[PDB]
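Naming convention: chains lettered A, B, ... in sequence-line order (proteins, then strands); numbering from 1 in each chain. Heavy atoms only: backbone and side chains are in, while hydrogens, waters and symmetry mates are out.
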Amino acid sequence: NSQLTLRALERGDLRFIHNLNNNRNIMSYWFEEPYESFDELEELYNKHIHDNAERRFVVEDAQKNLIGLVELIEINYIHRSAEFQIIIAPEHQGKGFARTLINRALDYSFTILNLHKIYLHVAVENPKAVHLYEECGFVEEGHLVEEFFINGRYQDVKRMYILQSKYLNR
Amino acid sequence: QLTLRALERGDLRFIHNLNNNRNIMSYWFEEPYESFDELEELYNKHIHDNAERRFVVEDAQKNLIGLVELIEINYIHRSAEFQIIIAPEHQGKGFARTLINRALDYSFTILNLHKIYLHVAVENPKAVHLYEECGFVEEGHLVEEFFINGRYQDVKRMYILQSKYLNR
Amino acid sequence: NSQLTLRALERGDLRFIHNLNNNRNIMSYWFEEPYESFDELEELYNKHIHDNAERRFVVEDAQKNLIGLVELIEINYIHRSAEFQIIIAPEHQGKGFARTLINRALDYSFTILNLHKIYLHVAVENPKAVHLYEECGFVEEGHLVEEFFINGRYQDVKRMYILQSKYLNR
Amino acid sequence: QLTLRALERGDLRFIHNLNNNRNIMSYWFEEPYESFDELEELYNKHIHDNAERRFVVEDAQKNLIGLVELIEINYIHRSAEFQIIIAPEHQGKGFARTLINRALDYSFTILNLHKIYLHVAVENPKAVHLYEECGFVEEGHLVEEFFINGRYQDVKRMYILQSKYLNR
Amino acid sequence: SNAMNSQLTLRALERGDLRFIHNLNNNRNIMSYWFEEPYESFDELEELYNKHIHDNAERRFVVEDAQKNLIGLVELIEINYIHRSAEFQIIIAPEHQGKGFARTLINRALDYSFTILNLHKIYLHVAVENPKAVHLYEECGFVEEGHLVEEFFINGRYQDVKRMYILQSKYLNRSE
Amino acid sequence: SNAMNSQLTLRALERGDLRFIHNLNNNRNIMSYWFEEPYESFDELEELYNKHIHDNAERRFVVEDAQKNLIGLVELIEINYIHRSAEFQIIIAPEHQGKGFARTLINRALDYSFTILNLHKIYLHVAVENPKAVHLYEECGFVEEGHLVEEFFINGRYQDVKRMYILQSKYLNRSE
Amino acid sequence: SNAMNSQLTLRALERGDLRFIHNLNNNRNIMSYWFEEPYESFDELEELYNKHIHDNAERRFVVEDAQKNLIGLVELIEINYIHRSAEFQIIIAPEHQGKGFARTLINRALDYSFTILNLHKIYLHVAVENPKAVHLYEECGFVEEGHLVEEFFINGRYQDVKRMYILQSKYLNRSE
Amino acid sequence: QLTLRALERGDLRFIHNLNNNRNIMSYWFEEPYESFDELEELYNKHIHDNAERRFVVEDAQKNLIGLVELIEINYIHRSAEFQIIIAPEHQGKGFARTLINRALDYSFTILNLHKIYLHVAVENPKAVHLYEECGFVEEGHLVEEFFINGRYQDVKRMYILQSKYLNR
Amino acid sequence: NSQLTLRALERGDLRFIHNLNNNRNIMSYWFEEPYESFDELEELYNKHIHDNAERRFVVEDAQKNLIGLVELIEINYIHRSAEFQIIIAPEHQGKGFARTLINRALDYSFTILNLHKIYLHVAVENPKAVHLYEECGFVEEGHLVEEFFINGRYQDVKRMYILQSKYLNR
Amino acid sequence: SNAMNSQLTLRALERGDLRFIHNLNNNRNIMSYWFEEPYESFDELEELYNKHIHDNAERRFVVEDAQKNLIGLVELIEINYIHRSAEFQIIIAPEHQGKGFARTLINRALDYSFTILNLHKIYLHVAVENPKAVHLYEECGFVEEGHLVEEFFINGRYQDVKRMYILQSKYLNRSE
Amino acid sequence: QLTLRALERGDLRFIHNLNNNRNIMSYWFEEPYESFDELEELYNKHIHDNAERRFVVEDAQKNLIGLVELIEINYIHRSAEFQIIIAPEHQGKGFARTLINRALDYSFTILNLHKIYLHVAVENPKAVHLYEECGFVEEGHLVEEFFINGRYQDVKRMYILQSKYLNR
């Protein structure tokens, strides 16, 4: 876990991202459609190079294998909030890495970006993920009813948050 | 008596004036005191943006009463965020329920949406209660979500579904 | 009726069109949303100036009052087909003008554009319009089930057609 | 065994080859013999077009089997047109029903659409019958709709609704 | 009268003439003489006019009287400077149609073609069902070189046209 | 042999074919059949090709054998979708000239014109001094509709050309 | 009077205010307070204004009375949203200089900075030779954090400036 | 009395009118009947072109009398081509010699040129003689150089050097 | 001589042209400065790709060695005239090739472009070139006085011409 | 050793150095010295580099040894040519950190500023929690002119910085 | 042996290296340490600029020896500024006089200029003397013209005319 590192997404990482963004199971966790041509991915990457409202990271191990991704999006200049999102590549799921990645994202948010609040959304049908986020200090602030159409029906999600003061006072 | 219609370029001075009232802008969690030229250039940028519908409200004499907007319209999840402003001089005249219902009608009978949601400060209980009367229910109590008037404030997230609106 | 004329849509006519395109009742006949800023209307007009796949007409009386509009859209280079659509302004509805406008559109289609087939769509809940189109020589070729979401539910439409040979052999 | 995936630039030579078979292109009522550069530049133009989803079909060895597309996707009416091609060398291997069902699954379980429709020549009764087995029903018999192989031909328009597919 | 005809003068089409052109190009009867669809928005007309200002393959002229009334238009299109040929086309303004000015407009166009632009061949197309025009072109020295079968769809049917021509040598030279 | 002719297939021209086209367009003999100047840099060719990729008024096809050898080119230009007419033009690659494939290339072009693009009339121009081509077009059902006098300057003098045509009705219909 | 001061309101600068700004930016005396050269064509001003309409790193406000007379301008520049700091600058319109409105304009700017934009630190620069301004900023809660030596060339010599600051905590919190 | 000054946009209608006189345009071997918009767009294109100086001639009442131009100015060879037009209503008033000399003065005393040349039809001997009086001499008799009024015509090329003009 | 061919200039020929255009002796025959970067040459080539007023040719032998260049410039749409210019590469000068190249240029002018008149300029201090042009049918029509500054003084040139009728009537 | 220090030379940053810069700008420890966020894609870096090639308000230099190993970077930003001031910033490459080259890099930057660019004042910012750097700058003749309170958010808290300066007169002149 | 030729893109690394020698750049009063990319983009910007001619000097083996430039060429006044650099490793080999004379030859026999001038520091008397040997004479002693190496320095402005060079 101490060997896992976050770094900025680069153009050379996009084939890795393309595999994730076309995976039905993975994209269901992001409430997203699993369809994205390499050209859509790359042109959107190009469009957002200078966009200050997001930070997209890839996660690598000590051997520079790509493990997953973490992103902070909708970063707000006044309210000092952002949304957190995470993917672990299928081959690295279930290795106990997620806690470390969540903590690295919170460290970045609260010690580098000087944010006040990080929030996330997670399906109520993924209670193991809800419980992992709770272990990391997130607390439920909403239960959003039929928010997303995911796999053939409308599904509910928890909205969960953590504040800078709680994180820095651990 | 009151009509809803698409926002037009000639309505921008009305919007700009509302944007120089910090109390009104705080209801939308939007930063007040935007330049007329920022407002106009954003209007230009979003002419063809299918993810929003911005309306003005007029009376029979063409006086501008207020604004109603559906934003962040997502056509897979079939959801949108609703917001409304009534100009200070027209507040307390009993217009709001009708306008809220007309916005929901547009959402559910024209755009074929599934869910409309809104955010309202917990320190505005009169507004919470009006939205409840219109069929909205609380689904979140968002902690320290917005910095408004010198402190972080909590907001309710409230929603209504197409099925509830149509009585299904 | 002999005093009604078709001409090409011009920029100076766009305020007339704007009134029609924001009218809920009128736009329901076109299966369309009644929302269009003047800027959306005008920028789309600009975009399609040289588009050979459509012809948009306004209808005027002898005094140059704007009566309505007729359009031929989706004009196809190989199949020689197009879709017909019509609006009569509220103040001129119910004056018996529609037959004349339909006939002028068919004349243009079959004697000027050298098209083979004109088709249209009309809601099954508008039987008076179905009957008018039948009087003008259109015949039903489809009953499209729940094709359009119009005023709170999915509605069925007739697809109706007429061929060049039938029109020119009257 | 067979997978559906988004069309990519590397797949364009496969599409181009299919486009030089007039019999295959006639099933789509599309003009054959398009230049590779027209095909590529159209692909480029539509990268961000939300009104289509173009898929290729591959086997486990990454051989390209065919194409499946959802076009004219309308997110108010919630409808789209479906089309499928199986390459001549893979036709008659029993793939088609599965691919049709996977396209309907995508339409109804991911895109949240209400209606899928298609067009098929009346002189292709085997195809009509396959679509009927998959739950499509005729809603039109379009007279002299398309000029194909030297004459005007009639086509069936066929449809299936989300409710029928999900068994509602 | 030749005294009146002699007062008709050539100048190029300019932007301020486009409302006049727009009227002609949306007139079914007039555009039938050009085998053209009678539909053109002012914006299509103007944008095409702008695009072709510097195009050396065409010339668009108006003919005006001494009071600057626009009597008609004469144009050369498809000008080729190796073959030295061009297609001629003419419209008379509705108010001046049927007054006997046509020969003068044609004369101005042929004089320009053969004495100024130094072309070798001018050709034209004219419907077989428009004998008045055929006969005028014959008077001007044009001769039939083709009878094009079902060339154009006009008013609900395919129609035949004559292709007619005149050469610079015939125009300029004395043969007696 | 019809067995060999039947193996010739159509596809559109693409960018990778342009070195082949460049050779044809700089060949004096070949370009004389097209009444064209035999001068075109690769850059002029390529830029014009790019400009017209999406132009619906033309079609450019190559005809290839089973081994993908390029046998020739057939094109439609000036396609008009009201009159439903186009001009046809053909080149056979130098290595395949004089082998009797021309009829097959013409057949592929007419089949495409009349069974796929749904045109009404195909016409062409051919020099009167090129009787081999005139006679081939006659065999294919083309008929003379014009004899254009001194139409083109070719090899130091003005030359006459036939305009020839065929209609979709004649091509598609049985008359016996 | 506080009754009059309370009627002063904030709005953003817009294009129609630029003639007012042009007068200020070409006034030697006024621009000396900003350590700036007093030269700016209307075209430079307008083009820079256009360029920065959407720039989130600055805010330009005018303060107006109830009759919409422009009393002055307050701006934030170099806004940084990690450090949550910005530089403050102020001009009073010549007609309203010396009337005691300055504190009100500063109050509007600090209220906006700390209650709306949620900044942590506002800082400013003021010449040591401008004690009237130093003293006003001290009354508003600003404190010196630097004495910058020969920072700016103003009127023929290098001059020293104070850097002064106030924090959001001091502004918002009660300490008694 | 007469002044030479730079051509300006407001003078373009005067030039356009002269361009619709074929006799006047033939003196310059320029094609007559150019559109006003071609003339204006060419004027725009050449605003910064250092290879030409186009002048108009005005009287004391600001009536436009004519045009004088120096074109094809080459700053290595130090040569330029001269052309002059006097409007028909002002021809035969004795202006031309003075204007020619003023153009040569500009060429030799301001632009520091070495050689000015011109072309004149051999069938215009009165013009040839006027140029000779101004110091120009024939250096060529160009055979069938220009097609003018239905036939190829011969022209004289005539020149004067800076040394001759300054009397060196 | 029968083995020498003209073809259109191509981008791959530009290094050959660059050598010629930086040669003082060669450029003196063209009244030109011997200074042209490869980038100036190539950007001017690009600018004139579609310019119909010039035709630039390279001359090759049977082995595809580049021999020289011939150009027709200032080609005029009305007057049907053009200026001819020629360079033979230093290594191929004095082999008797010039006559053939001149004749190929006249053939192109008079049998392909349908021009009426070809003219040229040649320094009076190059009488051997004047005489070669006379042998090819050119005749003097001017003696231009101090026309060009060439190598430190103003030099005179002959202007010489040939007409289509004379060439085609040989 | 001064013999080794004397072999360090200045040149401008160029595009081929950007992979080196990318490593520095994504290093948390290094960017903390610059009060900067340690996140920059290669594309952001390169596009910003391109944009500023001709910007006269900055200079970006690398310092290299005799073998062309990159030892560090020295930059001037916010260069103002009326006030004649600029901000200085420095990074030593990770492989060369802690080897005693820093003074030499600073010397090269001050020599350039005062003997070549003809600036009057160079200033810098340095964390109060980075006394090693404060002490090096003092040795070089920089003096504190400010103690900026809670200026920057670094590693989870607001930190104070010194602003330090040196003038051209002090650098160039002998005072003994 | 030595040849002058136009600067080319492949020569830019040579120029860049000279630009990182402050002593060499001080002879031109140019700021040293320019980025390779600034140098290259300036080269691109000035490809068609007729106001300069930049040359490199090469030996028979194609080694780059130095640079010679004519800048600020004005074609009315017929003047230009001359500058020369010989690379340190080739200085003191007796090349300079020949190169200076070749630059003057180009100026006076090809470009047809009237005056060439240069600037040289008064503290470089050896260079002053070399230019005098080549026919240049002082026309100015410019006081504190340039800030070079920590102080303002005086420079001579020196010139030669076409007449003097050609012996007229």
Side-chain angles (χ1 to χ4, degrees), chain H residues 22 25-26 28-34 38 45 51 71-81 107-108 112-122 135-166 168, chain I residues 24 27-36 47 53 73-83 109-110 114-124 130 137-168:
Chain H
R22 72 185 289 168
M25 294 287 103
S26 74
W28 280 18
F29 324 111
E30 296 275 9
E31 180 183 340
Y33 319 122
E34 236 163 63
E38 183 177 20
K45 177 180 177 180
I71 65 173
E72 302 290 324
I73 308 165
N74 183 294
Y75 298 96
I76 304 292
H77 305 305
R78 306 199 74 79
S79 68
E81 184 165 5
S107 297
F108 294 139
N112 196 13
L113 299 174
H114 181 64
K115 180 176 186 176
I116 295 297
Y117 58 88
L118 63 77
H119 298 91
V120 55
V122 309
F136 287 89
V137 304
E138 175 182 342
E139 59 179 348
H141 178 122
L142 309 184
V143 174
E144 298 189 26
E145 186 70 18
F146 297 118
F147 191 82
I148 297 295
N149 293 329
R151 69 203 153 77
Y152 291 100
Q153 292 194 34
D154 295 2
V155 301
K156 302 301 194 176
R157 192 176 200 252
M158 310 184 72
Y159 78 99
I160 187 173
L161 303 176
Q162 185 180 44
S163 51
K164 183 165 175 189
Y165 178 82
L166 295 176
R168 184 157 23 94
Chain I
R24 184 184 184 121
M27 286 289 104
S28 72
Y29 285 89
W30 281 30
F31 328 114
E32 199 65 84
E33 180 176 1
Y35 184 113
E36 190 182 47
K47 175 181 178 182
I73 66 163
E74 303 287 338
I75 305 166
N76 189 290
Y77 72 101
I78 289 179
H79 306 301
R80 309 180 44 226
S81 66
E83 184 168 4
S109 297
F110 294 138
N114 194 18
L115 298 172
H116 180 67
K117 180 175 185 178
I118 296 297
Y119 59 88
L120 62 78
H121 298 94
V122 53
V124 310
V130 173
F138 287 89
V139 169
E140 177 181 340
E141 60 178 346
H143 179 124
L144 310 186
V145 177
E146 294 188 22
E147 184 71 19
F148 298 118
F149 191 81
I150 302 166
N151 201 23
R153 77 296 191 175
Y154 295 99
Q155 293 198 37
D156 297 3
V157 301
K158 303 299 195 177
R159 193 177 201 253
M160 312 182 71
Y161 79 98
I162 186 171
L163 302 177
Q164 186 183 38
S165 50
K166 178 175 180 177
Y167 182 80
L168 295 178

Next on the checklist: Could you walk me through whether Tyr75(H) and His77(H) satisfy the side-chain contact (heavy atoms from CB on, under 4.5 Å) test, starting with their C-alpha distance in whole Å, then the side-chain angles of each, then the deciding distance to 0.1 Å, before giving a yes or no?
Outcome noted: CA-CA 6 Å; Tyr75(H) 298 96; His77(H) 305 305; over 6 Å; no
Item to check | side chain to side chain donor-acceptor pair (under 3.5 Å) partners for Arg153(I), two or more places apart | outcome: none
Item to check | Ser107(H): partners by side-chain contact (heavy atoms from CB on, under 4.5 Å), with sequence neighbours left out | outcome: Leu70(H), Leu113(H), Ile116(H)
Checklist entry - What option among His114(H), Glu31(H), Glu138(H) has the most heavy-atom pairs under 4.5 Å with chain I? => result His114(H)
Next on the checklist: Set out, in order, the CA-CA distance, both residues' side-chain angles and the distance that settles salt bridge (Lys or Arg N to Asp or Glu O under 4.0 Å) for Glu139(H) and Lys115(H), then state yes or no.
Outcome noted: CA-CA 12 Å; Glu139(H) 59 179 348; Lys115(H) 180 176 186 176; 2.7 Å; yes
Item to check | Part of residues 158-167 of chain I lying next to chain H, heavy-atom separation under 4.5 Å | outcome: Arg159(I), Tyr161(I), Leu163(I)
Checklist entry - When only heavy atoms count and the cut-off is under 4.5 Å, which of residues 141-148 of chain H reach chain I? => result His141(H), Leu142(H), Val143(H), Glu144(H), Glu145(H), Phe146(H), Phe147(H), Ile148(H)
Next on the checklist: Just verifying a value: how many Å separate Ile78(I) CD1 and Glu30(H) CD, rounded to the nearest 0.5 Å?
Outcome noted: 9.0 Å
Next on the checklist: Tell me the closest heavy-atom pair linking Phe31(I) and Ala123(I), and the distance in Å.
Outcome noted: CE2-N, 4.4 Å
Item to check | Distance-only side-chain donor-acceptor flag, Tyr152(H) / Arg80(I), under 3.5 Å | outcome: yes
